[PDB]
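Reading the structure
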Amino acid sequence: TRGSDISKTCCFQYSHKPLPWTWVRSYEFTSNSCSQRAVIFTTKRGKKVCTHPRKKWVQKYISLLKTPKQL
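Criteria and cut-off values
Residues numbered from 1 in each chain as written, not as in the entry; some residues may be left out. Heavy atoms only, no water. Helix = DSSP H or I, 4+ residues; strand = E, 2+ residues; numbered from the N terminus. Contact = heavy atoms within 4.5 Å. Polar contact = N/O pair within 3.5 Å; in protein donor to acceptor, adjacent residues only side chain to side chain. Disulfide = S-S within 2.5 Å. UniProt positions renumbered as here; feature names shortened; annotations may be inferred. Buried < 20%, exposed > 50% of the residue type's maximum accessible area, 1.4 Å probe, protein only.

Its PDB record attributes the structure to solution NMR.

For the rest of this paragraph, the subject is the environment of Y61. Mapped onto the fold, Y61 is located in helix α1 (residues 56-65). Look past the residues within four positions of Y61 in its chain and what remains in contact with it is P18, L19, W21, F41 and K66. Among the polar contacts made by the side chain of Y61, one reaches the main-chain carbonyl oxygen of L19 at a distance of 2.7 Å.

Formation of the UniProt disulfide linking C10 with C34 is confirmed by an inter-sulfur distance of 2.0 Å, under the 2.5 Å limit. On the criterion of sequence distance, the pair formed by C10 in the segment before β1 (24-29) and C34 in the loop between β1 and β2 (39-43) is long-range, its members being 24 residues apart. On the accessibility criterion, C34 (7% relative accessible area) is buried. Judged by the 2.5 Å criterion, the disulfide between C11 and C50 that UniProt reports is present, the sulfurs being 2.0 Å apart. Separated by 39 residues along the polypeptide, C11 in the segment before β1 and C50 in strand β3 (residues 48-51) bring together distant segments of the chain. The two residues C11 and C50 agree in class, both being buried.

Encoded structure:
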(Lines give C-alpha, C1' and ligand atoms only; values in the text may rest on other atoms or scores of the structure.)
Protein backbone atom coordinates (compact mmCIF):
# COMPACT_ATOMS: atom_id res chain seq x y z
CA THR A 1 0.00 0.00 0.00
CA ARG A 2 2.98 2.34 0.53
CA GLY A 3 5.55 0.99 -1.96
CA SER A 4 5.18 1.21 -5.76
CA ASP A 5 1.53 1.68 -6.80
CA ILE A 6 2.79 2.15 -10.38
CA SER A 7 3.87 -1.51 -10.69
CA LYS A 8 1.49 -2.25 -13.59
CA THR A 9 3.97 -4.70 -15.15
CA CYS A 10 3.00 -7.89 -17.03
CA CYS A 11 4.25 -11.39 -16.12
CA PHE A 12 5.52 -14.53 -17.89
CA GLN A 13 7.09 -17.25 -15.71
CA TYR A 14 4.81 -18.93 -13.15
CA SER A 15 6.15 -20.69 -10.03
CA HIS A 16 4.31 -23.86 -8.96
CA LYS A 17 4.89 -24.16 -5.19
CA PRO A 18 3.52 -22.89 -1.86
CA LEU A 19 5.75 -19.96 -0.83
CA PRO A 20 6.65 -19.70 2.86
CA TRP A 21 4.14 -17.18 4.29
CA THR A 22 7.02 -16.07 6.54
CA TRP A 23 8.48 -14.32 3.47
CA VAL A 24 5.13 -13.59 1.77
CA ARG A 25 3.52 -10.13 2.00
CA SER A 26 0.71 -9.59 -0.54
CA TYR A 27 -0.16 -10.04 -4.23
CA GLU A 28 -1.48 -8.21 -7.33
CA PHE A 29 -3.13 -9.07 -10.67
CA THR A 30 -1.38 -8.07 -13.92
CA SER A 31 -2.81 -5.33 -16.17
CA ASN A 32 -5.39 -5.91 -18.93
CA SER A 33 -3.11 -4.63 -21.71
CA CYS A 34 -0.64 -7.45 -20.95
CA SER A 35 -0.82 -10.33 -23.46
CA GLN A 36 -0.78 -12.90 -20.62
CA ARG A 37 -3.02 -12.18 -17.61
CA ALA A 38 -1.39 -13.65 -14.48
CA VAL A 39 -1.50 -13.12 -10.69
CA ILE A 40 1.54 -12.01 -8.67
CA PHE A 41 2.53 -12.74 -5.05
CA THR A 42 4.84 -10.29 -3.26
CA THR A 43 7.27 -11.41 -0.53
CA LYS A 44 8.79 -9.54 2.44
CA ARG A 45 12.07 -8.99 0.55
CA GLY A 46 10.27 -6.72 -1.96
CA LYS A 47 10.43 -9.25 -4.82
CA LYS A 48 7.05 -9.67 -6.57
CA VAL A 49 6.61 -13.16 -8.06
CA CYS A 50 4.22 -13.86 -10.97
CA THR A 51 1.87 -16.88 -11.00
CA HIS A 52 -1.17 -18.35 -12.79
CA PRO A 53 -4.70 -17.57 -11.55
CA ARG A 54 -5.94 -20.92 -12.90
CA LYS A 55 -3.91 -23.04 -10.44
CA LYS A 56 -6.14 -23.50 -7.36
CA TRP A 57 -3.13 -23.14 -5.03
CA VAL A 58 -2.73 -19.56 -6.35
CA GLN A 59 -6.40 -18.75 -5.71
CA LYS A 60 -5.77 -19.87 -2.13
CA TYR A 61 -2.77 -17.52 -1.81
CA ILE A 62 -4.62 -14.49 -3.23
CA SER A 63 -7.63 -14.86 -0.91
CA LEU A 64 -5.24 -15.52 2.00
CA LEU A 65 -2.67 -12.76 1.30
CA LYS A 66 -5.54 -10.28 0.81
CA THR A 67 -9.19 -10.28 -0.32
CA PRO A 68 -10.30 -8.15 -3.29
CA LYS A 69 -12.72 -5.88 -1.39
CA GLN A 70 -12.22 -2.55 -3.20
CA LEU A 71 -15.09 -0.76 -5.00
